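Two versions of one and the same chain are coming, encoded as structure tokens; call them structure 1 and structure 2.
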Structure 1
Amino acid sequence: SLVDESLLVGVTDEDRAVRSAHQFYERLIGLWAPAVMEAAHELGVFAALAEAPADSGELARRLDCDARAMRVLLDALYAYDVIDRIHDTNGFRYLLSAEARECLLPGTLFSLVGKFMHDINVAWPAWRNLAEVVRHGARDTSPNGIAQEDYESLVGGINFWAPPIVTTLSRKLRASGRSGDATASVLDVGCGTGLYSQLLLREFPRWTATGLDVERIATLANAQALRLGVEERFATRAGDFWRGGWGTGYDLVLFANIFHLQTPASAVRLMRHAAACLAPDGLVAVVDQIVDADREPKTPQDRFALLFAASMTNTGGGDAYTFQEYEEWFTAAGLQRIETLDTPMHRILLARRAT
């Protein structure tokens, strides 16, 4: 907390207005945290501290920065609980926890660096233009070189979502009678780095997976499959997935963080294509930010979904669609939803061909 709420006591109209103003101000200054964290990334702070903890003066020397400003930046990161700081008689030493090392450094499996760079290069300028997008809207009538360049960074920056999602999905798949000793096949449409598929392949040693994405992303996905030891059972088909050629006979077709990019018309097209690629008894899994039609921020997942929709508007995307809309798309594809599972920031919808 950045406001001592115990000092905002009172129940007059003025008291309540002043208290609200402090709370709104605290919300507004949430701007500062990404600015500090992303500046630290740009300067190399996290990689430097992971290699060798140091005081602000040493870090400023190593990173060719101003010593006073570096101390301010590091103490702000400490105040955000992003880095740790030990105080001795000699002085201070800043360092990263093992968890932060894994999240903040380039090149790790769960690195947020891709999210830092998406913010720096794309989201920060776009958010400043949000009013203009709300004024003018967007039209409904593959990713171009711009969006592909953006995804090149972003896909690695959202790897951290995958493990809880795959653990939940895998538990349901096992409980539904799907064995890791079966030679099942998975299709991962718009696979990004392929982490969802690749974690499934680690969980189910006899399965194989095919990921669809554009060429530059498919390259990243194959490299990560090798890093995860599943290279022999993971393959990519590079190109625009609207050009068909998905293969057939899949026991699982996965759409993670894909449907919110679509229009209703394109969503129905994708769902029907998935249904045509299913093996007997195959399943479609949708992982996305989904909210009830009442659009109430009841749960963390609902609240995030409503905020994420603003992010989609910010970059000219689709929407946080409702459960009811996904139901219509399942029906249009001859599928019926069999399960809805909560995950930390998403829902999983599982569907099979209607009986």
Structure 2
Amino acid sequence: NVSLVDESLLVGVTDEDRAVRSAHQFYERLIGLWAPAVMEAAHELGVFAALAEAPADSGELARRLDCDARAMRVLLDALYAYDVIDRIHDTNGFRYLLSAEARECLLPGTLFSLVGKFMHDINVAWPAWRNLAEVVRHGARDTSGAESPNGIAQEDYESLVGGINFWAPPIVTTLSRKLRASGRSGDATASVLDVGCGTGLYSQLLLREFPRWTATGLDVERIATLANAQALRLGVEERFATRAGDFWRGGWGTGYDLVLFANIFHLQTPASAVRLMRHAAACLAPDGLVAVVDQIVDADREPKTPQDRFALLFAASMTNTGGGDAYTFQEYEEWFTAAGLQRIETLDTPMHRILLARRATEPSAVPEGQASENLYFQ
């Protein structure tokens, strides 16, 4: 395994045993600090691009990158301990190198590059995380007391959106399998709305899966520019378009067969979330679906599965950057009901869940009239 503690050497019976064992486990969690520090320093120094160009021992890489030889040995061996880089052995020793899969993740400009995540950490998240205590003290509530949506800004997303492309393929595969099993097909026309599309990868992969479909991505102008470039890269530009502007305005159009919200709801407040859900219902075809892809957990907020654990942690990442949450199934169901929609599927993905919702079929149990309206206003 990749454990940093040999737990076979820790006992666990007495009160002291158990305190010592817990302390080792907490220490292992604390030194998780070191991995982003090592990986992001290596990015700043040019290590990954250099190894991809020419595998080298630590002294040669230090020469090429104008670094100290011993410190570079320390850095590269740490990356090796994290399984981030590999070794190739010669008759006289070894060189460090990147596997093909690691190259895709670590170099700039690739489809699944994490560089935008490295830069988001360096520029935004690292300094924020050290100030977490002050943000918990004060909250995300504005001066008037109202909560704020998440504070990651468009200039920050210019780096970050490409750094989260890696999430998309498993999600789109799972979504497409369900769409096909429920009767959808790529040989008939259909329209997708991708709200806050980022690079557009989710709808672009859908376009590749369903060759007669079209997609419209909503985002701010500087991100829409990225999305159109990526649509061309993936060969789907004839069926992908963007509409720039603030998606909270609504008026998204008509007749959409699928409205996708990937990594959007966690940025919202409850008020902004229900408004978005209402905009989605307003633009949906009669038989259309809304797909929510997010960090979603039951109201019990128990860390049972990896997706549950990640969701609980992701809520802290949202608080760290100024607002949002990891919302519960029951909160999404409130919002679906408020928008005249009904959840019909929940699907697991590596770090997310997908909720699918359709237009509701049955009426409220309270009939139309002033009593219903007073309940609505309250």
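Definition used throughout: the rigid core is the maximal C-alpha set that superposes within 1.5 Å between two forms. Here, residue number means position along structure 1's sequence, counting from 1.
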Identity of the moved residue from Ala79, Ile86, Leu130, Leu226, C-alpha shift 2 angstroms or more, core fit between structure 1 and structure 2: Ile86
Core-superposed C-alpha of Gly244 shifting 2 Å or more between structure 1 and structure 2: yes
Per-residue C-alpha deviation between structure 1 and structure 2 [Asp13; rigid core superposition; Å]: 1.8
Cα shift between structure 1 and structure 2 at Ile29, which is computed once both forms share a superposed rigid core (Å): 0.4
